[PDB]
Amino acid sequence: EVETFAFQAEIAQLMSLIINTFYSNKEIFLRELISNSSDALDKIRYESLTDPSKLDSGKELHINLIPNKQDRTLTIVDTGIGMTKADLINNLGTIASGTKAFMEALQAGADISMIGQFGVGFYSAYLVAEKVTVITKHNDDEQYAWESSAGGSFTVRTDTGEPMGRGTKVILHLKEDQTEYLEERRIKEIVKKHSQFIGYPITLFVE
Ligand SMILES: COc1cc(Cl)c(-c2nc(SCC(=O)N(C)C)nc3[nH]cc(C#N)c23)cc1OC
């Protein structure tokens, strides 16, 4: 039922740097996740141009932000292109993106806020999350769950959870000390500051 993979060496090093570097400006993780969702939405919008039945799995292109204070989770959901199983394993840990360029940049005076220039911004989720779960559904495949609490490994399984139409869900199990990012005022503040021109509706769920 569950396959366990080692991250490629430089991805493991990147995650360790993100988890262990003292760096207080953590709110930047949201912008990076929201940009990755916007890109995934662009991709399905593009393909649906030449093949309209690609949206049989849902026409609405949007991003939802779902805080849950009981579970201590912040969930970013899109109806983007999604990923196949092979896409998931290839893009989320078995390959290196500006992974090397980012880590060399940090030693030449870049700072962690610049991670998105390097195409590895997804890993800034580890500034605020002790565990990340990615649930994804591509038109070409079944629904899969990737998961990692860092420490060098991740898992992939077929997802038995709620069948989504198509897209990706990023579930952040936040660290004990990072529950500010479940607060409605805080989330609105961050989206307004960093993601205010994203070209899809961003809906902040209430509790
Ligand atoms: C490890 O780096 C990534 C991780 C993920 Cl999960 C995604 C991603 N891909 C996808 S669909 C595939 C895609 O867009 N590729 C570029 C492969 N949708 C997403 N929605 C939120 C995302 C985030 N973070 C997300 C995209 C990433 O890099 C661009």
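The sequence shown maps to residues 16 to 111, 113 to 223 in UniProt numbering.
Ideal Cβ positions, reconstructed from N, Cα and C, are used throughout, including at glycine.
- Within 7 Å of the C-beta of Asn-106 there is at least one heavy atom belonging to ligand 1.
- Remark: C-beta atoms of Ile-214 and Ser-53 approach each other more closely than 8 Å.
- For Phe-134, the CB contacts under 6 Å within the same chain, skipping 5 residues up- and downstream, are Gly-114, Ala-117, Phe-118 in chain order.
- With contacts defined as CB atoms closer than 8 Å, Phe-20 and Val-172 qualify as a contacting pair.
- Beyond the five residues adjoining it in sequence on each side, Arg-60 comes within less than 8 Å, by CB distance, of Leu-76 in the same chain, given in chain order.
- Residue pairing by DSSP puts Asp-93 in a beta bridge opposite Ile-78, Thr-184.
- Across the set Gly-108, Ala-121, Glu-42, the C-alpha of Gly-108 shows the shortest separation from the C-alpha of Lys-100.
- Under DSSP, the beta-bridge partners assigned to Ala-161 are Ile-151, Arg-173.
- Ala-145 is bridged by DSSP to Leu-190.
- Between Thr-152 and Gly-97 the beta-carbon gap is near 5 Å, inside 8 Å, which marks them as a contact.
- Taking 8 Å as the cut-off, the beta carbon of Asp-93 is found closer than this to the beta carbon of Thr-184.
- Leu-80 sits away from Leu-198, with the two beta carbons spaced by 8 Å or more.
- Put simply, of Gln-212, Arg-201, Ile-206, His-210 the residue whose alpha carbon is nearest the alpha carbon of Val-222 is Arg-201.
- In this structure, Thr-65 sits away from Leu-190, with a CB-CB distance that is not shorter than 8 Å.
- Counting only residues of its own chain and dropping the five nearest sequence neighbours on each side, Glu-18 has a CB closer than 6 Å to the CB of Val-172.
- Secondary structure note for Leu-220: its beta strand (DSSP E) is the uninterrupted segment 218–220.
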